[PDB]
């Protein structure tokens, strides 16, 4: 069955893996800290991730409830040059 990223994570730690008491915060800071607690920091990631260190939280790209496992974010919501992850990773 198609699984969202939120659901995939919840199978290995519950909704509380990312949300205090399984309940979302208003400003997403708690959740961003959880993402980084397992995955590390943007500055230690690849070329798509690094420039966003200090500017974005993970959820500004990864819409974990809306996106399938496997589905990755695109760039057009914030950049107007047609860039893709491919165009940046394999620059």
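Positions refer to the first chain, counted from 1.
Sort the modelled residues of the chain by CA B factor and residue 64 lands in the middle third. Sort the chain's modelled residues by C-alpha temperature factor and residue 26 lands in the highest third, per the entry. Residue 14 sits in the middle third of its chain by CA B factor, as recorded in the PDB entry. In this PDB entry, the Cα temperature factor of residue 77 sits in the middle third of its chain's modelled residues.
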